[PDB]
Each structure stands twice: as structure tokens, then as C-alpha cells.
Amino acid sequence: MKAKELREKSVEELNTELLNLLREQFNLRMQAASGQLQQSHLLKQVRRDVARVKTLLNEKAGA
Amino acid sequence: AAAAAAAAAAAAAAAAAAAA
Amino acid sequence: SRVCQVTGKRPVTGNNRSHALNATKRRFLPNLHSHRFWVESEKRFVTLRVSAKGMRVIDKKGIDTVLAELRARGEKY
Amino acid sequence: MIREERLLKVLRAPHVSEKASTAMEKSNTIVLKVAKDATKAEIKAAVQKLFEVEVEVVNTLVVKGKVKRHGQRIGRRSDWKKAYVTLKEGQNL
Amino acid sequence: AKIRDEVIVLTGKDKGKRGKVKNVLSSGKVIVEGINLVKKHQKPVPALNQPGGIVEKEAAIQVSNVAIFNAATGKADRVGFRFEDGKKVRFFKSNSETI
Amino acid sequence: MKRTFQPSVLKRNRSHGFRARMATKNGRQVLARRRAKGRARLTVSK
RNA sequence: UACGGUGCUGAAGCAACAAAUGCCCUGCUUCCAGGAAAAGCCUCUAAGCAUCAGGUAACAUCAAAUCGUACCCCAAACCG
RNA sequence: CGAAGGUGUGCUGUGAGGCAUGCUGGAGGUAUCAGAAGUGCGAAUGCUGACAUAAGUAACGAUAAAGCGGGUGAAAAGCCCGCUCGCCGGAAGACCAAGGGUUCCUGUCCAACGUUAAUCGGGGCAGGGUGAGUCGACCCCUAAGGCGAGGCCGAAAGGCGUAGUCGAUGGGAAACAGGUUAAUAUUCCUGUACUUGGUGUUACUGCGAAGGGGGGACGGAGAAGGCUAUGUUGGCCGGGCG
RNA sequence: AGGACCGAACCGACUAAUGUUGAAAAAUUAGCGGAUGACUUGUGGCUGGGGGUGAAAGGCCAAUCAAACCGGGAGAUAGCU
RNA sequence: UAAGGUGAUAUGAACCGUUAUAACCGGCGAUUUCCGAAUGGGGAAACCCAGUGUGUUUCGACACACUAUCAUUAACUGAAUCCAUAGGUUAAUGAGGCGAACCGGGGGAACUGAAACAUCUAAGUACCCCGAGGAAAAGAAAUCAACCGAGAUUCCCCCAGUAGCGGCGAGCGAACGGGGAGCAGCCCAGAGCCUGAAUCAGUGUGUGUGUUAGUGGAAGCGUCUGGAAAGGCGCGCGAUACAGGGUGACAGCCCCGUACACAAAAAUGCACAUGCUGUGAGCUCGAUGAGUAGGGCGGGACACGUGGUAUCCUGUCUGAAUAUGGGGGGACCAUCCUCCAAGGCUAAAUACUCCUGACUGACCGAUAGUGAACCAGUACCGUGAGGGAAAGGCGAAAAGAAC
């Protein structure tokens, strides 16, 4: 989330984000991409959450 | 329903003058 | 290029005008000669390409003064 | 990591659609839609980490699209890469 | 905007007739129910869209052909929203109901 | 018979090039023209 | 076998002779017009280096990327 | 309770035209007087656009002939399959460059597109499909030439060119043959290798250059020899006796 | 040996015919000439308009050439139609 | 800002949020691939390759940052030659290129007109280039006037088609002066005297106002014709708002707006508040810009073509005085008047419009208007540079016609 991510410290978000992308977005991105569940709505989010994580931490200058 | 049409302007002359 | 480097005279241009008044562009070029002037305050040769109005200036105003200039004025010492 | 998760992002989707990849799935190997990114090595290290299928070379090949739909403005597909995964002993698992 | 609504509708064919206003649409349209009625010729096609009948579909009417129901009156007497409670709060102005 | 138009991508590119009209004021004015003119086929090269 | 064809199987599989504008041959011969270059290659040392490092050989091991590659190609995909 | 415009009529004015009005039409138009104009069209081989005309005429793109019988389909002279017949065969075949840029293959569909018909197709629409250490291009190396730090010239723009660095059409390391995809192929697979590079392990040992030398490294024509692809023949093996 | 001869390829175009609103904005057919060179061609490269190039014709320089093409001066000017 | 959305052709699917952090809109920030000035090197635009560091390293490999050039400065080294430069290396800065037009400078025609055509003209235009700014340049008299005086520059309207020049042909064409628009003057060439003191500039920090989000924002019903009322008819009402558009026909009161009244997290424009930073003032007394001005030679600019032709610019060759002096007042001398060059800067008035907003039009309404209302600088056409179209509208509502 927004402020969720914002109150998390540098070290934290770093190991969380490999996850977000890989094997919390990767699983979606393959399944969907071949049609198994048309839970199409799930991509939009997550993507726009893995963005967030990469915004922060760097822009916090290691906070 | 495409269209393409040009205009032509090239010569049909080949025949040569009479009595110079 | 064809600049005096004492005053930096560029070639002016203008029309000839003949004994029947026939204008035609023709270029008024300064004299220009490469002359090895003797600093005497570094005691070396500073071959500069300068005109022959130009040369008179260098001798009259003094060596280390046109050499002051040029370098202060943006063209190669 | 041996190389970034940026290049553990190449795989975006499975392609195994039809022949020569069904034929070559029964027979041996898997095939999968791989980005456009252009390498072999980071792909070889991709189907390993991600998944756990054992491989030994990758065959890489640009897919150059074709012209398509609409006479109201004639279009052509975006290009990508197909890669034959080239399973080593991954064909059993 | 002052219209998720108790309308009585200005335009004829519909004039004293009521309904909810389901949704307000971007293109200056709304959906009023029971009075935007069109006899939409549903064509039947496989994998849903199964029934073949000229169905009835509330189409979508304009939002300036709406007139608003009031509690005590069929007509409207316009809506001011100008009362601050930490936001614009509506009211039929000229008795300011708080509606 | 031998016609006008025999292409050769090698020559075209190195005689009507973007990167061959990129080093002289005049071969710069060209770019300037077909862009504020909006013309956007360019040199016709991949 | 669905009648598009696919599987299962498999004998002999040699010799002589003729050869090519092809290869040996960018040779050879000869002739006057006198017939690329640079690198890789091999080798010698210079500054330098000193149980080093490099070099050479073997072995073990690993790597060798990227694009083109379809199809047409004396033409109905090229140019008119 | 029907404007303009369109399309018919009557009446009217000297005329340009106007007025009334029926039909069409579904909305705007405007007495009068005055003001201003992109202000009146048959002609400019005018211009644009529409549609005639010659005319159902000419032609239907090779004097390399097709014919039958099935098949599908609604429809078969032309397509698919099959059987004959004919044509090219230093090509009208095969591989590949250049160039093209999916035109390939598969499934469907026939409006438009093929100078016909069209079930068909290089058409439309869907889909599928191009796989390399060794092939080639990148790449290493350079050629003619180009660009060109420094530089010298030149009003300027710029011009030339050095050291450089690019630039193939040349030169540089190396994979072949089967088998396989609806369609790929020296690339995948299979069989059997080869090449180069890194690192490490080991041994041994004077190694080391924008450096020196050599080698790379070469013409044309002609003349054989030697050789093989390959072909002819026979032998062998298999099948056949009309 | 030969800018040798005869002649495919290849290149080139001497004759005629057919075309000449074509099959085609220069080709086709039957003949023809040259043919290891003053050859020919692929690839790439190089010369720019008052200039190139030219075994030379005012030929050729993108189907255009006694001064290319395109933009601009420019609505040139035309006592002319 | 907000109860509804997930830009568009284009639907639809899956979902999200429901007045309070969705969704929408702005400010600021982040990210901003690769090409392109493109800049680590190279290169067929959107590609290829590399050096050096900082790492990581599962030891395999793989990242990230920097590395252009040129100008200036600083440091470091440092030849021919002891020396020293020269050069080279490095670092810190600044620049480069892209624009439409306007502007200044540099360069600079021809057609044409003269009924030809060469001087002249066209025109110092067009056009190329360079340079820069929001305006620019120009500018505080070696400027005029006329025997009185005026007082920087600019721009506008005059003067005046005058004066004058002119193959005295065509044509070119001012000034002086006048009225206005709009107006500020200052340094350096040097010693002081007090010694940031004005004054700007740049850094602040604030106060005000403006803009970039926006918000609120008024007053009608009945009835008749009609597919539908916003038309007609009848009866009302609001007005700092009857500007306009939209809504099923022509609506002030139906909606969006509208005047009016409000409204800013931030970021900036503009004034002003005042700190610092640098700038240099304010009084004394000095200073008053030499290879220059003239002049000879040749051109150009001045309305002015050397012509009686000053004057200014200056390529060539000389070459003067130094304020008891010098320049100019259109041949030239004299007199008289008036001013001090060869050092330098400067606001405004004014010109222009790619672009932005708002509005307006006796401007257009689809062969018009831009080429271009519609996926247009597109499709096409050409090797290229370049050239360059067509194609708007069903309806009130898709209800786009089940069967």
C-alpha cells in the first residue's frame, strides 16, 4: 500500500520487493497470460504496488 | 473502398513536321 | 583567417567602379605577412600574421602591449 | 543473485501454442514467450531459478510479426522473441 | 452536479412518472428506470446472449430532461448546495430541505 | 530494359543518410525542413 | 490408416573404364603491361618484471554472446 | 396548424426578376429602408468533381496445345485428386546474394483484388512459423575512399588534410553427413567431430612491446600431367517374363 | 604469341519485319557484330550545374539536358494570345 | 475536486471505490529505455563495441557510476637545449545544439523598371551565414541652430514628394524645423578625503498583489399544437447575471455556465520589506583616449551616382595638435557662434508573433477556410531534396432492424 510501505525502513522494503515482483506478480503474470482464471483485475494492482516500493527507499535516501 | 488515381502528362507525339 | 590580429581587420568588400562605372564586388584584403616579432620580455618569436599598417602599430604602441592584447581579446596567442 | 531480478523479469508469459512446441513437448523440451531482451545466458539462468527445469542451451529467435487488421489503417504486430528452452533433464519434472 | 435520485422527469412521455436514477453517465446521460424504455432487439449469439426476443432496455436519457422529485411536491424547486458540514451538502433550495 | 530504379540499401543509407546529413549546416537545414514541415518518413530506413 | 498416407522391416551396396571449364594450381612454363594492403600467424628483443608474472605443452573444467536465417530469388513477393 | 432549399403551376413586371400557390422537405428564414461585398458565368485546350460518348466496340498480355474421369461444393472448361497428352531442361530446374518484407505454411471465407468464371489464389480473416560456438553479418584486420584530434588555409558557413578511426566488394580461428517440422535446417535431433577463448590443475621454462624482421602475399595467357566429383559399362543383388 | 580467326556464354545494337491508343514511355522475332580485351560485369567508391564527364554527339549527368531538379526572389516580366 | 469510475476508436470483460486518503484536476518530486546536440569509441538514426573504477561473486558471471570535444581557469609534469618555454597529463568550471518570426553584424543578387540596355533601378531587398535578446540595436554631442538660442538616444505623425541628387532618363528622396509618445544619467583612463555611503547586481528571507487548481453563484408554472416544447396562447417571477453553448423545434427562470462573490498545499511573475554578498558612489584637485584624426590613393554609407561636394565608415600609404589647443557649421579661407572625438555602459517610449490564455469579427461553413473539421503533412508521388491529396453529418435517442 501507500503509507504502509512509507513507514517501512530501507532494509525491509528491499527484501519485500523481490517478492512482490517475483512470486507475487510473476505467478499472476504467467497464469493470466494464458487465460487460467480470468482474474484480470489483479494485474493492475500489484504492478502499481511494486512501483511504489521502488519509489520509496531510494527517494528516502536509505530510510 | 480504397482509391488511387494519378494524372498523366507524357507525350503522344512521335510524328515529325511537315515541309521545313 | 585574414585578420590583422593587431586590430583584426576583416576584408571589407565593395564595388569596383571603372572608367565607365562598372560596379562588381571584389574584396579589399589587408596586406598580411607572417612576421616574427621579438618580445624581448620572454625573448622569443611570436610569428603573428599581421598587416603592414599593423606592423607600424606594434612598433609604435610597443611589443608587450599588442601581446597584452590578442590573448585578452580571444584569439590565439 | 548472479544477475538482477530485472533480468529475472524477461519471462512474461508462456507460449507453447500449437505445433513444434507441442510436438516438441511431447518429444522433449518446453518453449515460452521471452521478452525481446536479447540474450541466451540470462534466459538459461532464468528457467533455472524461476522454475527448476534443467537446461543446457537456449535457442533464441526473433518473431518479427506480420501485417494485420484494419483497411482503415494497415497495422503490423509488435515484435518479440520465442525461445526454445532446450530442457536437459527437465523433461521428466 | 446534483444527481446514485428521486426524479419525476421534465420531458413528456414521462412527465409525472418516477424512478431511481441508477448512475450518472459521463456523456451528459443518466439512467432513469421504467421511463427510458427502448425495445432493444437482442440478437442471440453463443456463449451468453442466449435469449432471442426484442427485449426491453432502459436506454439512457439526458440529464437536463430530468426534473427532480421533492417530498411534498412533484415538481422541483432547484437544489442549492452550499451548506458546510465539512463539505457541500444538498438541499432543495427555497425550503432547504437537507436532502 | 535497364530501368532507373535499382535499389541498394547500402548506397541509399550512405548517400541520403540521417547520419550522412549530420555534419554540415546545409545537411542540417534539411532535417529542419522535414520536421517543422512535419514530414515523417525520414530517410526511409529501418 | 482417416485414405491425406504413415510405421515395421531391409537385400546387394562391388569392379573397370571415361572424365570436367572442377581440385593440386594464387602451381608450373612463358610473356610484357610487371602484377593490393594490414592484421592475425611465427620469431627476435626494448622499457620492464623476478620463488612472481607471463610464455609453451597437457589435462580438468567451463564459455563462445548478438542479429540475419521464413519465403520469393531470371521473378506473379525485386525494378518498370 | 410547416421556414429555406428542391420540384411543378398561375398571376405579374420593360427587364434583371418578383409575387401567390400545390407537391417534396423538416427546420430556420427574413418586409422595408439604408450600409458593405469573395455580388450574378457558356465559353479562358479554364480548374475540381460527377457522369456520358466512341461501345457493349477494341482488347483480354505470348504460335509452350490440353483432354477426360472423379472430388467438393449451390454453382467446375480453368480449381483439388487421378490418368493420359504436350513444353522447358546451362532452365521455364536447384542453392544463394541483392532487393522485397510475410508475399511462406495451415485452417477458414469470396464483397472488393486476380484483366474471365472462381469452390481456387501470392486476396480477406484467423492462426501457426524463421531456432547456430563452427554458416553468414556483427566481430578482428585493413583497401580504394571517407570522416578527421592537433594543424594550415578560408568573410563566415567552410575547405583540405596529419596522428587516428572508420569503410568490403578482399583478408582472419573453426562442422560435416544423415533423420526430422503442415511449412525449419550445415542451425533442432541423431551419429561422429572440430575450433577458439577463459579459468583452474599440473609440469616445464626467460618472458615481454603504439617495437624489429619474416610470413601472410597474390598478374595474364598458355601448356600439360596428376586427381576426383560424376558419368558410362559390366559385375553383383533384388524384381520381371510380357 | 596475337586489341589473331570461326563461334556459345556474356556484352552490344547493323537490317528487316511486328508493334507503334503497344505485351512494353525503346521492346519482341528472325537474322547480325564483338568475344580473354582499348573486354565485360557485380560490389563499393569518386567527380555537381556555369559545373562535371565526354574514343567528342552539344551527347550524357535519375524515363527530363545548348545549362538538371527543388525551394525561394516570384503573383518575375509579356506593348503578346 | 469528488460519488462514481477503469483516456479514444469500442465495445465488452473482470474488478475498484461510494461522499473520510477511489476516480478526476493542478503544483512539486520521482522515474524519465534506446536514438537524436548525443558526448567513453564506432556507426547503415532508433545499432555495435570498449577502457577505468565501486562492487557483488553462489565463483559462474553480472551490474552500477564515470570516461567526448572545445573555451577559460587552476594544478601537475615537462622537449628539442643547462635553463626556460613549447608541449603533454589532470582537475574545476562555462560553452556546444534545437526552433517560427522579429532584431544587429558579416556577406549579397538577378529578373524587373528605365517601354531596349550598360550608369541608375530593383535593393542593400530577397537569400545564405554569424550572433543575441525579449525586445534588439542606438545612446548622454568633437549634435544642431543662426548671431536668438536648443541640449542624450529611440520611435510615431509631419515637415515635404519639399530641398536636392539623377544615363538630370526612369527614379531615389532627406534633413533643418515642428507637434507628440516617452524621458535617468554615469563611470574608467588617479592621487586622495570619509572610507558598503548612494547605487545596482546576486543571494536571501518576508509583505502585499497576480497567475497556475478551482468553488459557490440567481429566478416558472399552466395550458394548446406537436414524435418531443425551449414554439403559440395565458398567468407570473429573478436580474451587478437577458455573454454564450448545450438539453427532442427558437429557453433570462431546464442544465453547464454567467456577472458577482469567493478560493491555494505548493511553485513562480510582479512590485515593495529589510539582512548579507559583491559594485562602486558622495566632496578636493588632476586627468580628458596616436599609428589616431586629417591628408594622398581606392571604395562604401549619407537622399546625394565625385559631380562644385562637405561629412561619416574604412582596405592601402602616411601622418597632426594636445584646451594661449582641437572639431564642426555641405567647395574653401577669414570672421563669428557652438561643441571637445579617437575608452566604455544604460531603462523606457517602439517593432515582431512560432507559442499560451481570454475575447471578438458585416471572416469562412466542407471544391470555402490552413495543405488539413474526418487517425494530415497522413495516404500517395519522387532516388532525393521535395511535392502532396481525398474523405465532414443516420436519428431525439442506437433504440444499428428480434423474427
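As recorded in the PDB entry, chain E goes by the name 50S RIBOSOMAL PROTEIN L24, listed as coming from Escherichia coli. As recorded in the PDB, this entry has the title "E.Coli 70s Ribosome Stalled During Translation Of Tnac Leader Peptide". According to the UniProt record, the Subunit (literature references left out) comment for chain E reads "Part of the 50S ribosomal subunit. Might contact the SecYEG translocation complex when it is docked with the ribosome." The heading Sequence similarities in the UniProt record of chain E holds the text "Belongs to the universal ribosomal protein uL24 family."

As annotated in the PDB entry, chain D carries the name 50S RIBOSOMAL PROTEIN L23 and comes from Escherichia coli. In its Function (literature references left out) section, the UniProt entry covering chain D states "One of the early assembly proteins, it binds 23S rRNA; is essential for growth. One of the proteins that surround the polypeptide exit tunnel on the outside of the subunit. Acts as the docking site for trigger factor for Ffh binding to the ribosome (SRP54) and to nascent polypeptide chains."

S.K.: Where do I start with a positive patch on the surface in this structure?
M.R.: Residues and elements named next belong to chain D. Taken together, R12, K33, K36, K66, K68, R69 and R77 make up a surface patch of like positive charges. Following the sequence through the fold, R77 ends up in the loop between strand 2 (59-63) and strand 3 (80-84). Assessed through its relative accessible area of 33%, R77 is described here as partly exposed.

S.K.: Even after reading the chapter, I still don't get the pattern of salt bridges, so can you show me in this structure?
M.R.: Close approach of charged atoms lets side chains of opposite charge pair. Residue and element names in this part refer to chain A. The tally for this structure, following the rule as stated, stands at 8 salt bridges over all chains. Residue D49 pairs with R52 through a salt bridge whose shortest N-O separation is 3.2 Å. Here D49 pairs with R52, and both are found in helix 4 (residues 44-55), just 3 residues apart, close to one helical turn. Residue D49 is classed as partly exposed on the basis of its relative accessible area, which comes to 24%. Judged by its relative accessible area of 22%, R52 falls in the partly exposed class.

S.K.: Explain the interface of chain A and chain D to me, please; I cannot follow it from the model alone.
M.R.: Accessible area lost upon the coming together of the parts serves often as the stated size of an interface. Listed per partner, the contact involves 9 residues of chain A and 11 residues of chain D. Here chain A and chain D share an interface that buries about 850 Å² over both sides, 76% of which is from carbon and sulfur atoms. Of all residues in chain A, the largest losses of buried area upon contact with chain D belong to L22(A), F26(A) and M30(A), amounting jointly to 47% of the total for that side. Connecting chain A to chain D are 0 salt bridges. Listing elements by their share of the side of chain A that touches chain D, those giving two or more residues are helix 2 (10-21) and helix 3 (26-31) of chain A.

S.K.: Would you take a moment to explain the sheet that holds strand 6 (residues 61-62) of chain E for this structure?
M.R.: Residues and elements named next belong to chain E. Strand order in the open sheet formed by 4 strands is 1-2-3-6, and the pairing between neighbours is antiparallel. Strands at the two margins of the open sheet, each flanked by one partner only, are strand 1 (6-7) and strand 6. Bridging between strand 3 (residues 29-32) and strand 6 involves 2 bridges; their strand directions are antiparallel. Across the sheet, residue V30 finds its bridge partner in strand 6, namely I61.

S.K.: Could you clarify how one ought to interpret helix 4 of chain A in this entry?
M.R.: Residues that lie three or four places apart on an α-helix share one face, since the helix turns once every 3.6 residues. Spanning 12 residues, helix 4 of chain A covers 17 Å between terminal C-alpha atoms, matching the ideal 16 Å at 1.5 Å per step. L57(A), located one to two residues past helix 4 of chain A, shows a positive phi value of around 75°.

S.K.: Whenever I open this one, the nonpolar core confuses me. Can you help?
M.R.: Within soluble globular proteins, side chains that are nonpolar tend to cluster in buried spots. Formed by 21 residues in total, the largest nonpolar core has its most connected members in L22(A), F26(A), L11(D), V47(D) and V85(D). Elements that contribute at least two residues to this core include exactly helix 3 of chain A together with helix 2 (41-49) of chain D. In terms of residues, this core owes the most to one element, helix 2 of chain D, which gives 3 residues. The contact partners of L22(A), leaving out residues within four places of it in the chain, are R29(A), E5(D), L8(D) and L50(D). In this structure, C4(C), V6(C), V46(C) and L67(C) belong to the second largest nonpolar core, which totals 11 residues.

Calculation rules
Residues numbered from 1 in each chain as written, not as in the entry; some residues may be left out. Chains lettered and ligands numbered in written order. Part of a larger assembly, values for the part shown. Heavy atoms only, no water. UniProt positions renumbered as here; feature names shortened; annotations may be inferred. Patch = residues over 30% accessible without salt bridge, like charges linked within 9 Å, V, L, I, M, F, W, Y side chains within 5 Å. Areas by Shrake-Rupley, 256 points an atom, 1.4 Å probe, with all protein chains shown as cover. Salt bridge = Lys/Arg side-chain N within 4 Å of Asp/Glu carboxyl O. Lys, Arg positive; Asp, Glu negative; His and termini not counted. Charge placed at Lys NZ, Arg CZ, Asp CG, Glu CD. Helix = DSSP H or I, 4+ residues; strand = E, 2+ residues; numbered from the N terminus. Buried < 20%, exposed > 50% of the residue type's maximum accessible area, 1.4 Å probe, protein only. Contact = heavy atoms within 4.5 Å. Buried area = accessible area lost by both parts, 1.4 Å probe. Pairing = 2+ DSSP bridges. Expected span 1.5 Å × (residues − 1). Core = buried A, V, L, I, M, F, W, Y, C linked by side-chain atoms within 4.5 Å.

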